[PDB]
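Below is one structure, written out as structure tokens; comments come after it.
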Amino acid sequence: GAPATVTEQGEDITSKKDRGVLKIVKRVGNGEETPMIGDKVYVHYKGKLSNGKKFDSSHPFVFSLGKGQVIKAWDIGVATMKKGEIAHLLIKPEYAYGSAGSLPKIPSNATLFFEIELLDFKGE
Ligand SMILES: CCn1cc(COC(=O)[C@@H]2CCCCN2C(=O)[C@H](c2cc(OC)c(OC)c(OC)c2)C2CCCCC2)cn1
């Protein structure tokens, strides 16, 4: 399924190249411009734990990019997305909630998967 496909075929978009955040584009965007740090960003997402034990969906989620308001993986991943793009991210715990987790919702050393649609981004 989608998590396995990303694991096998996804681009490694971490700077350190440690496979911590893997990406596949699913639906292409419009324009060349991807959002700068500081931009208010608007998205629809689906999300789940590898554990199979929790699912979550926006189904408009709003955050300021690259400000650590979201897990590092989103700050990295969404920064590479263009308006109208849909992407799959698979994320190792180092780029999400780490060894501590975020109990009870997120366990220790969790791997996360997300499907993200980037709707738009305005400058702050
Ligand atoms: C106010 C900005 N914000 C940050 C968060 C923390 O979560 C996140 O940064 C990432 C990325 C952005 C979407 C939400 N998200 C998550 O991990 C989900 C998430 C959604 C949450 O609420 C919608 C949430 O509660 C605040 C939470 O707590 C750690 C984590 C998680 C995905 C795996 C399946 C369980 C939920 C929630 N809101």
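Note that the numbering runs from 1 along the sequence shown for the chain. Counting starts at 1 for both ligands and their atoms, following the listed order.
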Exercise. For the residue pair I86 and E115, what are the closest heavy atoms and their distance?
Worked result: CG2-CG, 4.1 Å
Exercise. Hey, which atoms in ligand 1 end up nearer than 4.0 Å to a heavy atom of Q69?
Worked result: 2 (C), 3 (N), 4 (C)
Seminar exercise, completed: In short, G68 meets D75 closest at the heavy-atom pair N-OD2, 2.9 Å
Problem set entry | Atoms in ligand 1 with a heavy atom of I71 nearer than 4.0 Å | 9 (O)
For this session: Any atoms of ligand 1 less than 4.0 Å from a non-hydrogen atom of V70? List them with their elements.
Result: 9 (O), 12 (C)
For this session: Over 60° means perpendicular and under 30° means parallel, so classify the ring planes of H59 and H44, tilted if in between.
Result: parallel
For this session: Look only at interatomic distance and state if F114 has a nitrogen or oxygen under 3.5 Å from any nitrogen or oxygen of ligand 1.
Result: no
Exercise. Any sub-3.5 Å donor-acceptor pair from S108's side-chain atoms to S99's backbone N or O?
Worked result: yes
Exercise. Is the backbone N or O of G38 less than 3.5 Å from a side-chain atom of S64, with the two atoms forming a donor-acceptor pair by type?
Worked result: yes
For this session: Please check if the side chain of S50 supplies one atom and the backbone of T111 the other of a donor-acceptor pair under 3.5 Å.
Result: yes
Problem set entry | From the candidates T111, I91, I106, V78, the one that places a heavy atom nearest atom 35 (C) of ligand 1 | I106
Problem set entry | Proximal candidate to atom 37 (C) of ligand 1 [heavy atom criterion; set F55, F63, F61, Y97] | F61
Exercise. Does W74 reach ligand 1 with a nitrogen or oxygen that is under 3.5 Å from one of the ligand's nitrogen or oxygen atoms?
Worked result: no
